[PDB]
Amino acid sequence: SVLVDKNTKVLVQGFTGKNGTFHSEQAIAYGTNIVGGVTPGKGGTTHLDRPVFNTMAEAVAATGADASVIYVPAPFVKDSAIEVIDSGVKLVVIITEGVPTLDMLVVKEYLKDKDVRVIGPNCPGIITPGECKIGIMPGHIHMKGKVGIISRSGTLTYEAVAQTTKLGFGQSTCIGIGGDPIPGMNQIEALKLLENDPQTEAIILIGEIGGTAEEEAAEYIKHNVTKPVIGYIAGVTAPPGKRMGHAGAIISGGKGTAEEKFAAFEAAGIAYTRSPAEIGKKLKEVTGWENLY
């Protein structure tokens, strides 16, 4: 596994809010160590039988948290992200959708000399099945195993999880890097981590239209990733010049098409499927893994 495990201590920014409350309840039930959270104006209260703090500095001093998840509305995300970056927390998961692109441009630049990883925004988070979940993904579809998953989508990731669970392979760590044009953690960062993780024996890379990240990741894999990678790209049928839900899912200047992504996997010797139903099956073919169950 990478980044999170049973020892991870998690703070929640926007802890007292609707989604912070709901997903924190689930996280506690799952076995995630939620140590408290931050909501300005509710410092010194308790929530879900955990302390609430006004500031991340107070929270981190009190709890020695090493991760944080952000459920704050988009307007306050740049503020919240810098706050946690400055706090001593090493891992930040940003769930929130609608963060301005230029806010992540600045945050991503701010991170360049820091010792902090940021996953998201507009992502379901990170899960090490059997150990720790940070985000909104349903624990029950996952199983502790050997397939690492990197994905720009939410529910499409759950299909690959369902397929690898059913084939009995299970997941090491699944990283939802999110649907935005400038993520805090890109595919190459995540591939490096999984390549170095002994629990991960194979990797699924899920992408979609927009940007050139999959092509760049392809070139990186060719030279630097020894574990088998199985790719899949959503949006073959997407019309050009249209946002397909996610801010980053858009073809423009005839670039960011699904086909050029498949073709890049081709050229790099990376295995892939053209059907979302056959991700697990393609992985099975490539690995030769077998089990009568």
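Don't overthink the numbering: it's just position in the shown sequence, from 1.
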query	finding
Of 259-267 and 27-35, the one with larger mean CA B-factor	259-267
Mean C-alpha temperature factor, higher of 71-79 and 213-221	213-221
Options 40, 51, 248, 241 - largest CA temperature factor per the record	241
Chain-wide C-alpha B factor ranking for residue 167, given as lowest, middle or highest third	highest
Within-chain third of residue 272 by Cα B-factor, per the entry	highest
Chain-wide C-alpha B factor ranking for residue 187, given as lowest, middle or highest third	middle
Chain-wide C-alpha B factor ranking for residue 157, given as lowest, middle or highest third	middle
CA B-factor placement of residue 109, once the chain's modelled residues are sorted into thirds	lowest
